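[1] model this:
(2 chains)
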Amino acid sequence: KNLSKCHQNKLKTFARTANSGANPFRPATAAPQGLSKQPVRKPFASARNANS
Amino acid sequence: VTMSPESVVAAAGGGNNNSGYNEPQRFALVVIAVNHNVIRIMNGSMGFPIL
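    Numbers count the residues shown, from 1 in each chain, chains lettered A, B, ... in the order given. Below is the structure:
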């Protein structure tokens, strides 16, 4: 009927790739660029005019 | 595993020239097992449902 040796329930685990590597990716987000105000702000020098 | 008298006498030296066992011999037991597994392909990516 049964056996004189209990079979312990070993832990069961599985592996998920989830995220891929680098082949089917590219940037995949178009070319999103552009920046806010840069830290080194450029002062506005006085605009002089020259005439004869 | 139970070894052999030839192996136990080759482990010891005493061999003459061109006998192969002119020097003490060392042995290494190696065992390999070929088994099954299942691979599932879904949503373009692979994975092991059982690992």
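
[2] Next, count neighbours for residue B:15.
    Applying other C-beta atoms under 10 Å in any protein chain shown, we find 15 residues neighbouring residue B:15. All C-beta spots, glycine's among them, are computed from the backbone N, C-alpha and C.

[3] Could you pull up the residues touching it?
    For residue B:15, the contact set (C-beta atoms under 8 Å, 6 or more residues apart in numbering or on different chains) comprises B:21, B:22, B:23.

[4] tell me the SS of it?
    coil (DSSP: H, G, I helix; E, B strand; the rest coil).

[5] Am I right that residue B:46 sits in a strand?
    Yes: assessed with three-state DSSP, residue B:46 lies in a strand.

[6] Would you mind putting the CA coordinates of stretch A:32-49 into CSV?
    C-alpha atoms of stretch A:32-49 as CSV (Å, rounded to 0.1, in the frame of the first residue of the first chain):
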residue,chain,number,x,y,z
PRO,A,32,13.1,61.4,-26.9
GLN,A,33,15.5,64.3,-26.2
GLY,A,34,15.5,67.9,-25.1
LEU,A,35,16.5,69.5,-21.8
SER,A,36,15.3,72.0,-19.3
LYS,A,37,17.1,75.2,-18.4
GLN,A,38,20.8,74.4,-18.2
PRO,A,39,22.5,75.3,-14.9
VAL,A,40,25.0,77.7,-16.5
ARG,A,41,22.7,80.5,-17.5
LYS,A,42,24.1,82.9,-20.1
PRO,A,43,23.9,86.6,-19.1
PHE,A,44,22.4,89.0,-21.6
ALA,A,45,25.0,91.5,-22.5
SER,A,46,23.9,95.1,-23.4
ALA,A,47,22.9,95.4,-27.0
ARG,A,48,24.8,98.2,-28.6
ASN,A,49,24.1,100.0,-31.9
